[PDB]
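The chain that follows stands alone, in the form deposited in one PDB entry, written as structure tokens.
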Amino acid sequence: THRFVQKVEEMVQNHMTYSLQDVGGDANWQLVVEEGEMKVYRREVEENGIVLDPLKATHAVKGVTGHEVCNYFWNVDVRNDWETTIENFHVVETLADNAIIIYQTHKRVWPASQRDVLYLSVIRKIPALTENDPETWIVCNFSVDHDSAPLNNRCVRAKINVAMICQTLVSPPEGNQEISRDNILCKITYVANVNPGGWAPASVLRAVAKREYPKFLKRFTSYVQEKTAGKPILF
């Protein structure tokens, strides 16, 4: 019932419609890196000189659930334990138990101006048709406007639409036995569409993205694996 409910539903449903489509067999999409179960793809797109390069990654992370992965991705209290591209951030507003607006500044990359971002971050469970099947969990981070964080002259305001979409697969054990983490897999689709908000040199931006996206996916998924080990499974 907060004011962004309609916008949230739009962004989430657009991800469920378009962000899970195949890119492995798409000629416009290029494999950047493959390491283990992680695959990172990019489509090279510049629009009026501005590098927009859609990014899509997939991963399959043993021993964690989608609910767990999304909780850790969304929870600002653990953000600094895994995120390495930020200088500073704060929660601007709490909209609901599952939705917040965050302001953050990113590490500066020479020669371009420092970027900042202002986004709504929402975590949502998408039920299957019935409880016979696993729900999908999604975290969506998308730029919004807010009076407490106006455009400023110190940073260029980037515009983002990012999603982490998690499906959980279980190999059920025999008879009356308990489910172990060894028999759960979380399939992650991560999509980032970032508009740098103003001019930036293409070669510079592209090398940083190519480095930072897989670094993040490896570091973040390992972090969740580490922190959930020995804890009861949260489905």
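Position 1 is the first residue in the sequence shown; the rest follow in order. We call the rigid core whatever largest set of C-alpha positions still superposes within 1.5 Å between the two forms.
Checklist entry - Relative to the other compared entries, is residue 177 without coordinates in a third or more of them? => result Across the other compared entries, residue 177 is absent from at least a third.
Practice prompt. Return whichever of 159-167 and 74-82 has the greater mean Cα B factor according to the PDB record.
Written response: Mean C-alpha B-factor is greater for 74-82.
query = Which is higher in the entry, the mean Cα B factor of 125-133 or that of 86-94?
reply = Mean CA B-factor is higher for 125-133.
Checklist entry - Looking at 177, 65, 193, 189, which has the highest CA B-factor as recorded? => result The record points to 177.
Going by what the PDB entry lists, where does residue 224 fall on CA B-factor within its chain: lowest, middle or highest third? Lowest third - that is where residue 224 ends up once the chain's C-alpha B-factors are sorted.
Where the record places residue 69 (Cα B-factor, split into thirds across the chain): As the PDB entry reports it, the C-alpha B-factor of residue 69 lands in the lowest third of its chain.
* Ranked C-alpha temperature factor of residue 54 among modelled chain residues, by third -> As the PDB entry reports it, the C-alpha B-factor of residue 54 lands in the lowest third of its chain.
Residue 116's Cα B-factor: lowest, middle or highest third of the chain? Lowest third of the chain for residue 116's C-alpha B-factor.
* Considering only modelled residues of the same chain, in which third does the CA B-factor of residue 151 rank: lowest, middle or highest? -> Answer is highest: the recorded C-alpha B-factor places it there.
What comes next is about the form deposited in another entry, which is not displayed.
Item to check | Option from 145, 81, 87, 131 moving between the shown form and the other one, CA shift at or above 2 Å, rigid core reference | outcome: If I go through the list carefully, the shifting residue is 131.
Next item on the list: Just say closer or farther for the C-alpha distance from residue 131 to residue 71 in that other deposited form, relative to the shown form; it changes by 3 Å or more.
Entry: It is farther: the C-alpha separation of residue 131 and residue 71 rises by at least 3 Å in that other deposited form.
Note to self: What direction does the residue 151-residue 55 Cα distance move in that other deposited form compared with the shown chain, closer or farther, given a change of 3 Å or more?
What the structure shows: Compared with this form, residue 151 and residue 55 lie farther apart in that other deposited form.
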